[PDB]
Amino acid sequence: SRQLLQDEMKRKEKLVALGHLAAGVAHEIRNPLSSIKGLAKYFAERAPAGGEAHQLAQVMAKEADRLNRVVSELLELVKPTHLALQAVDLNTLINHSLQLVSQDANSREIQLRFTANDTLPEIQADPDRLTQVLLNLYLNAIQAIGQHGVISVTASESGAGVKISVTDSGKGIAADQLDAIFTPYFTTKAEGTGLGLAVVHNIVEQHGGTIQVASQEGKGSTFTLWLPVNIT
């Protein structure tokens, strides 16, 4: 028995270690990309405007920024699961996230809607990762509405856990794309990282919850989150 546990512990250790080394390699990819992004901006600025050199240098800079954001999200995904659990009231966390996105919503003329239920029970979760998830969903919704929209967030008690649903009024998603939407590296945006919903899924998986989506193209979309009241 002593050796068998030593064994299972060793296989688990090998997977987490591979994750740690992968995070390091990703951090080292960020360094030449950041160098490339800076040097491509210099060349774009110094190059004669309007020409092919200027266009190519600016496109390459934009691509290097997109690549740094892709690599940061990849690091978030490859990193071993590390959750700082805490008892959190969801109303306060949701309000804080909404206040975090308020300026960008008002700039684009998008309404933030959320009603709080003080009856709502506290959940065992990592508040920073839940923020990173809510913000990713909010950003997706904002990009999709583009202007003149509304975001409705609600929280309710489902069995044991809670369901936070974020509904937008944007372009929606076709049923054909309704499955590749969570697939890594898939995006319909030229300045998009197709890893935001991958990160959302990973974080909600580490929390033992579920992410589901219901969308009608043009009408809008709704992302529903189930998070357990007790992590165990």
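Each residue number is its position in the shown sequence, starting from 1.
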Looking only at CA atoms, which has the higher mean B factor in the entry: 108 to 116 or 74 to 82? 108 to 116
With respect to the recorded C-alpha B factors, which stretch has the higher mean value, 118 to 126 or 135 to 143? 118 to 126
From the entry's CA B-factor values, the highest among 196, 48, 32, 172 is 48
Would you check the entry's CA temperature factor for residue 211 and let me know if it's in the chain's lowest, middle or highest third? middle
Here the Cα B-factor of residue 36, set against its chain, lands in the third termed lowest
Residue 191, C-alpha B-factor rank within chain (lowest, middle or highest third): middle
Taking only the Cα B-factors deposited for this chain, tell me whether residue 58 sits in the lowest, middle or highest third. middle
Temperature factor at the Cα of residue 17, chain-ranked in thirds, falls in the middle
